[PDB]
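Heads up: the structure comes next, in structure tokens.
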Amino acid sequence: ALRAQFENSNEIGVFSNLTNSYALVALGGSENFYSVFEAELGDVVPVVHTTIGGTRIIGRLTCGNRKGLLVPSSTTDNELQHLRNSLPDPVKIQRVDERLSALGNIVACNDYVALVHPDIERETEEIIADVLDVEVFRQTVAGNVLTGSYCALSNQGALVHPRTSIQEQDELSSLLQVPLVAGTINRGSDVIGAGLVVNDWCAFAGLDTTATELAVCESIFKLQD
Amino acid sequence: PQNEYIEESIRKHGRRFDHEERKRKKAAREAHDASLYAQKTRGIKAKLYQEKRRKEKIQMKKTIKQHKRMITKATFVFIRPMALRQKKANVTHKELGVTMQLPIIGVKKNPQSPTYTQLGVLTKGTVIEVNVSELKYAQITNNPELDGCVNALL
Amino acid sequence: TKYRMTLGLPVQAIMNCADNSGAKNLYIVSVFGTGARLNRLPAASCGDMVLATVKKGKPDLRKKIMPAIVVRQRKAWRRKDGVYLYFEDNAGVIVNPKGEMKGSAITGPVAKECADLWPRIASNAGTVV
Amino acid sequence: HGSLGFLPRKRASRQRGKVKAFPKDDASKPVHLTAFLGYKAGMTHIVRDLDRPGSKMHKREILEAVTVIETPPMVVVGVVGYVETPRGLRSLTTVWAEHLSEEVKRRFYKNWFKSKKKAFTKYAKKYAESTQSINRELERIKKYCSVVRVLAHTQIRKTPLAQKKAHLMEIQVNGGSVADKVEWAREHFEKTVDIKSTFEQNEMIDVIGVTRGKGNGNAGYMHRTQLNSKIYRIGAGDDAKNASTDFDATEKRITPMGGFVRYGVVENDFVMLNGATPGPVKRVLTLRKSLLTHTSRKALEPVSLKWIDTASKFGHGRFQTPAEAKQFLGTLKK
Amino acid sequence: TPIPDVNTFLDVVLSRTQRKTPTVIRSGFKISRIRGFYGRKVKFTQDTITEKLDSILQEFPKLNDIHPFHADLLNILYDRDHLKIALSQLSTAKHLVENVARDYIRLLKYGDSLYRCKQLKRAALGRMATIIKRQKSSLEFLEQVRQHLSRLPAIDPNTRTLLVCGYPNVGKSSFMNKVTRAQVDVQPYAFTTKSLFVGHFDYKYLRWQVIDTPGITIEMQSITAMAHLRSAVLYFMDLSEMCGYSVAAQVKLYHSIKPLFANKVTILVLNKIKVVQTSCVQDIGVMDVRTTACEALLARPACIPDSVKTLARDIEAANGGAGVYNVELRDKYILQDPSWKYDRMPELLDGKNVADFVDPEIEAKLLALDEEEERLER
Amino acid sequence: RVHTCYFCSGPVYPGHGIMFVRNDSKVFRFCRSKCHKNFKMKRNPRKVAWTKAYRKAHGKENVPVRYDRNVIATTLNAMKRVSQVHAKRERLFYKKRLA
RNA sequence: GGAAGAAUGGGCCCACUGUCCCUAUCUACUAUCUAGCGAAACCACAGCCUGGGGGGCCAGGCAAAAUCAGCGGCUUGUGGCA
RNA sequence: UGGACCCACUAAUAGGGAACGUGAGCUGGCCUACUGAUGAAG
RNA sequence: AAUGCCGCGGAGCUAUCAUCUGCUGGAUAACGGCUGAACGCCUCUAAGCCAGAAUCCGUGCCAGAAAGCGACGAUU
RNA sequence: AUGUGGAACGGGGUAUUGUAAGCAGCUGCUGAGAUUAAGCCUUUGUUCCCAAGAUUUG
């Protein structure tokens with residue numbers, strides 16, 4: 002687990018997207034964040050510096066996995082062409098034209114199990130299942146439609162809002178087939194997805210995240226070893 | 002930091018290398034600077050320089066030697173304003189040499205005019221009777249209309 | 011930061027709240043960070059922090075001079091790409107000075123200028139258009 | 011009220027912009043020009059990548075309004091000599107060329123046709139008779155004078171303008187010794203100097219001209276000089292591939308469909324300027340290399356155009372060229 | 010706020026009054042205008058004095074309102090009773106000045122002539138100056154109090170803390186200096202640490218405040243702090259008696275100080291070797332003692379890559408630095424041909440989005456379409 | 002990329018026109034002011050003679080790919096050939112419509 | 001935007017509006033010119049400003065005809081008495 | 001500075017004068033200037 | 001139908017409702033110093049010098065003397 | 001004051017409105033018709049105009 006901040010904000014998840022095989026970074030911002038990502042997992046997985054739709058909210062607006070990556074249809078075709086050039090050939094990128102523009106904030110996807118907002122269109126869910134090659138379940142996290150932003154998903158564990166019930170958390174963990182912990186990061190911030198990003202082997206959290214929260218996240222994700 | 006935090010940094014790191022000769026240099030050339038002060042400045046800050054220079058000059062000389148129908152004046156109880177009315181006077185005893193704020197029991201006579209004496213107007217030189225039990241007529245040695253206080257001598 | 015963008019929400023205006031916090035209608039009082047201009051009422055627009063009072067909603071929340079961020083605008087303003095944008099109504103969010111909203115969701119599309127400027131607003135956004 | 015400095019608000023005494031300030035000479039530098047004078051035709055808008063380092067809009071797409079100024083190559087017709095004196099710059103003498111362009115002769119005459127065209131006739135013969143006298147004057151210029159300006163005029167024939175009078179003006183020749191400037195002026199007699207000589211598709215130029223007139268204090272028709280105003284492109288309309296942005300290809304010409312409003316069709320060398328310029332359409336403008344030396348990033352960055360718009364400025368046009376228009380529209384009876 | 014001298018404060022107040030209010034009043038104006046001018050100057054003088062007094066009162070805290078540890082230390086190290094007396098004297102002086110100003114303003118309300126106003130204006134200033142001059146020692150005490158308060162630390166008894174007290178120079182300060190990043194100077198002279206030193210420390214993801222205490235005014239301050247503090251005692255007894263105090267003397271001192279050590283975890287540190320032996324000379328066991336004291340006070375597999383199992400900022404800084412460095416996206420591309428990666432592409436031609444209508448299969452489709460078109464034409 | 006007008010159904014170049022988004026996350030681009038007002042008044046494009054929708058339905062008419084030099088070069092020539100072939104069919108269609 | 005200075009008006013509220021932000025545009029007339037006709041008040045003499053004794057005086061600054069159009073005229077920061 | 005001593009922004013919302021400030025800019029309890037437009041003449 | 005009513009309406013006008021642009025050299029005050037007497041020391045000062053304020057004066061920006069002037073073309 | 005001259009018209013291009021009247025059989029003519037510079041662009045289009053009158057100038 003590495004703690005860092007983008008510009009002057011520790012909300013790394015909004016400004017960057019981390020997958021199990023690729024990393025998404027913003028363009029025109031602080032070069033230190035790109036250097037930190039390159040030093041952490043650049044030599045292991047690719048890190049692409051590009052903006053979707055000309056914005057630095059690519060992390061909080063785009064959703065994807067190691068198998069496939071989904072971007073909003075509003076993204077420029079020129080941006081899509083650059084993404085394919087940067088991304089490896091085995092990485093699948095598909096444009097999603099759905100009633101929900103924020104793919105990342107609405108749906109959080111893991112390498113095997115994905116949970117999406119109940120309002121997602123059937124065609125988008127079929128496209129997401131076809132692209133990510135994972136099971137997609139339309140449910141809610143802590144009674145919030147923005148499951149992809151208020152909750153964090155990872156292969157070795159999951160993070161949920163601290164207000165989630167134990168029975169609901171147990172049901173979600175059983176459904177996701179992975180351990181789940183309900184809590185807050187970035188010193189009590191309830192946007193776990195916006196405030197934390199964890200990969201299969203590495204995790205990147207905000208620079209202002211509490212040590213106890215960082216220790217809890219490392220144990221939950223088994224990133225200590 | 003804690004306690005006299007700059008007093009162990011000096012203890013552990015040392016002093017500004019060139020502070021002492023700078024302060025020695027400042028303590029020397031200030032003599033020329035002081036004279037240049039009086040030859041350039043003007044106004045109140047120059048006036049404030051003047052008497053403060055002489056104050057320490059004479060003090061130094063001492064140590065080396067040792068080496147509408149209304150009342151326009153304050154009254155005691170036309171129209172006499174309540175604010176202008178006064179009942180306490182800081183009359184100073186002559187033999188005792190102690191100034192005490194005594195109540196104005198009454199006014200004996202006002203030298204300005206008998207009408208002022210009838211009105212009990214407090215004026216300089218007017219005779220006023222004040223109780224001396226805690227210690240009698242007394243003459244006002246000041247003008248309360250300008251001084252703002254009933255200053256008198258027993 | 012944020013570039014020059016058309017201001018069309020002057021003081022003494024009623025503006026609609028689009029979160030689940032229970033607030034419905036918002037009354038503008040003053041605009042943060044306004045210059046000392048002569049005879050020019052400060053205005054508001056998407057992504058701008060202003061002082062507003064909840065006209066209707068939860069009684070405890072209202073009667074408080076609190077910062078508000080506008081997220082929707084009727085007026086047509088130019089985006090730096092060269093296209094003009096306008097929305098069906100004026101919508102804002104209930105937010106503390108730190109930059110956190112009491113509510114936990116937003117309704118309808120969200121201007122990317124508001125979303126990019128305030129990262130947690132984008133976190134709460136589900137439709138950014 | 012407005013600025014106190016720009017007072018009085020009286021109408022300009024010059025129809026065409028006059029360059030009062032010129033870049034400082036440097037003999038170490040080679041001989042080069044400093045000022046240009048073209049014609050403002052109109053404006054369009056272009057699409058361009060914005061490669062501004064450190065900005066939030068870094069390495070992405072931005073739209074910028076541009077102005078189109080036709081700049082046909084001038085004809086150098088003469089040189090003048092200037093002497094630095096305790097009373098300022100004084101004109102020592104002036105030498106010209108032999109075959110003056112006929113538009114220049116229109117400048118000297120208010121009623122050309124009625125006149126017997128007697129301008130410079132005896133000067134022409136005395137040059138052909140004895141070039142020694144001219145050589146002596148050029149000897150005077152190269153020896154005594156300190157600031158040298160060449161006489162240049164707009165060649166208005168190839169422009170689509172009703173006016174037939176050439177706008178004559180002087181351009182400083184900065185660089186080299188005095189004799190070097192005169193020799194450069196001599197070898198450039200009677201020939202043409204292109205716009206590409208002075209500006210290089212990315213340079214720091216100051217546009218000068220007389221602003222338009224709003225009618226009656269006076270409101271409009273004053274002399275003005277805008278600073279900054281970076282160049283975006285120096286086109287060459289003589290090439291049929293003049294606009295032809297590399298990103299879009301889309302074979303086209305700078306002239307908007309139906310021609311520039313109240314100007315016509317631009318055919319010759321033209322310059323693209325960001326923002327706006329003083330003065331209305333079909334008016335002569337004057338450009339000059341920026342006086343100061345600033346390496347601000349907004350003045351040093353390179354520019355590679357993405358796409359320019361050649362739509363119909365007349366009305367709400369929506370078509371770039373008839374080649375791309377015809378197949379979209381259904382085949383009409385004509 | 011800083012505490013100025015009595016003479017300096019009067020001059021600053023007088024200068025500020027003259028600089029802000031006008032000082033040019035011709036005698037030919039109305040009596041009310043002269044009366045208004047004199048009153049405004051007096052009112053400004055009263056306001057400036059009132060603002061200074063209020064700022065002093067606001068800056069001065071309340072001993073009762075302070076925490077029990079802070080108040081006891083303040084009383085011991087600053088004579089809170091004397092400080093309270095001085096503050097009340099200043100408050101009484103401020104009230105007396107306000108009453109005098111109100112009386113002067115009321116007298117000025119019935120002004121008659123310019124000389125009467127001028128005499129009244131001088132009289133008010135002189136009375137205020139005498140009151141300010143009389144309140145001279147209070148300023149000196151306040152300045153000393155401010156300096157002592159500024160040097161004083163911020164006690165946080167709510168958080169976890171470790172109090173080290175006992176015989177002077179028994180190595181407790183050295184252990185505290187080693188445990189926490191705070192470094193308090195130690196000298197061979199006894200009672201070198203006149204004031205307590207607090208050093209933050211981290212242990213088991215918890216913040217511990219290592220606070221040293223004077224060996225046993236300094237002893238009284240150390241006792242008062244230990245009296246009201248949620249911290250564990252760290253009584254260090256010199257086993258080798260190298261601190262100058264005998265083992266029996268240290269034990270007797272620890273027994274006497276046990277009333278303050280009650281309701282807390284007591285650690286018996288055998289210096290210069317809970318009873319913990321710590322070799323002060325050998326600097327051994329300090330970490331173990333600190334740890335003991337801290338303890339006493341208290373199907374989705376992860377596809378980890380082989381590279382994971384087994398900088399950009401520097402590059403940008405070296406070339407042009409931040410804000411002057413342009414990163415080219417062509418380099419960070421997986422294009423097979425390096426020339427193709429560094430070259431541009433056709434975006435839109437002839438009114439058609441070519442980039443949106445060009446596919447890899449078009450290489451063979453175009454040839455097939457050309458053959459199909461020829462067949463259709465034929 | 003030049004978008005297609007919602008009402009006018011024509012090419013929309015960057016800069017001109019306006020963009021209108023809806024509550025259902027549907028964004029409509031208007032080619033010109035008249036087209037924007039036409040969509041403002043909810044005029045049916047199939048009921049508008051000057052709209053390509055009526056012209057069509059009245060008898061009157077996502078995965079990015081890796082770039083290749085050869086593919087790009089042939090794409091431009093094919094587009095020109097496609098336009099030439101398509102234009103001829105319309106001329107025949109217009110002749111049939113007139114006849 | 002909607003009282004921050006037309007609506008139909010309705011029941012403090014609601015609606016409404018260039019009152020305002022912040023003015024912009026248009027039309028008509030007046031204004032303007034040309035032709036003709038054609039006054040009266042008013043008038044010691046006139047008419048550039050600073051300073052000194054106002055426009056006329058003294059010492060300065062300046063100073064180019066004829067005209068058209070909008071349009072002005074001593075006092076300060078320190079109380080008194082013994 | 002915006003609003004009825006106040007309550008917020010802002011970097012601050014400094015003090016005055018034009019002796020009856022500007023009541024012949026403002027309200028309540030001919031000629032000479034200035035701005036512009038032409039202009040005969042060495 | 002004194003511009004009957006309504007929709008759109010180019011060109012013009014205008015929009016801090018739309019866009020563009022808004023410098024760079026010297027001499028200074030406070031002040032920091034250097035050399036250095038007066039005054040065999042010392043001393044920013046006396047003779048001198050260096051640095052230094054959104055300050056001052058120029059550079060640029062506009063007007064161009066209608067009684068300032070120049071180069072040049074023709075000259076019944 | 002005889003010319004890639006000028007002008008009036010007209011053609012083409014460009015544009016606004018919305019598909020005319022009429023022929024007809026909603027549809028076809030017909031994405032037509034009308035207007036298009038009076039402060040748009042161009043003119044191998046037809047026409048006439050002109051190598052002119054007066055005033056002051058060493």
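Residue numbers (the authors' numbering), protein chains in the order written: chain y, 2 to 226; chain r, 2 to 68, 147 to 156, 170 to 227, 240 to 258; chain V, 11 to 139; chain B, 11 to 226, 268 to 385; chain b, 10 to 225, 235 to 291, 317 to 341, 373 to 384, 398 to 465; chain u, 2 to 62, 77 to 114. Backbone N, C-alpha and C fix where the C-beta goes; we use that ideal spot for every residue, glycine too.
Per DSSP, the unbroken beta strand (DSSP E) holding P77 of chain V starts and ends at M76 to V80. The alpha carbon of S147 of chain b has as its nearest neighbour, out of b:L66, b:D211 and b:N167, the alpha carbon of b:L66.
DSSP places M20 of chain u in the strand class (E or B) of the three-state scheme. Boundaries of the beta strand (DSSP E) harbouring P195 of chain r: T191 to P195, taken from the DSSP string. In the DSSP assignment, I53 of chain y forms a beta bridge with y:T56.
Under the DSSP assignment, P73 of chain y falls in the beta strand (DSSP E) whose first and last residues are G69 to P73. By the neighbour-count criterion, in which a residue is buried when 16 or more other Cβ atoms sit within 10 angstroms of its Cβ, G98 of chain B is exposed. Annotated as proximal: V217 of chain B and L336 of chain B, with beta-carbon spacing under 8 Å.
Taking 8 Å as the cut-off, the beta carbon of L288 of chain b is found no closer than this to the beta carbon of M260 of chain b.
Straight-line spacing of the CA atoms in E80 of chain y and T51 of chain y works out to 8 Å. Using a CB distance cut-off of 8 Å, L113 of chain u does not count as an interface residue toward chain b. Here the C-alpha atom of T165 of chain y lies approximately 21 Å from the C-alpha atom of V137 of chain y. Close partners of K439 of chain b in chain u (Cβ separation under 7 Å): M94. Between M214 of chain B and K281 of chain B, the C-beta gap is smaller than 8 Å, which places the two residues in contact. The beta carbon of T16 of chain V sits no closer than 8 Å to any beta carbon of chain B. In this model, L42 of chain y and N18 of chain y are separated by some 13 Å (Cα to Cα). The DSSP-derived three-state label of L351 of chain B is helix.
Within the segment 36 to 69 of chain B, the runs of beta strand (DSSP E) that reach at least 3 residues and sit entirely inside it are, in chain order, 45 to 60. As the crow flies, the alpha-carbon of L435 of chain b is around 19 Å from that of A291 of chain B. Relative to the Cα of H55 of chain B, the nearest Cα in the group B:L356, B:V76 and B:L17 belongs to B:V76. Looking from the CA of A181 of chain r, the closest CA among r:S10, r:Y6, r:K24 and r:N255 belongs to r:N255. In this structure, the alpha-carbon of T382 of chain B lies about 13 Å from that of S98 of chain u.
Taken atom to atom, the span from the alpha-carbon of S36 of chain r to that of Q60 of chain r is near 19 Å.
At least one CB atom of chain B sits nearer than 8 Å to the CB of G92 of chain V. Less than 8 Å separates the beta-carbon of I38 of chain V from that of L19 of chain V. The segment 175 to 193 of chain B makes no contact with the segment 271 to 279 of chain B; the number of CB pairs closer than 8 Å stays below 3. The contact set of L73 of chain B on chain V, defined by CB atoms closer than 8 Å, consists of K90, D91 and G92 in chain order.
Secondary structure of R177 of chain r (DSSP, three-state): strand.
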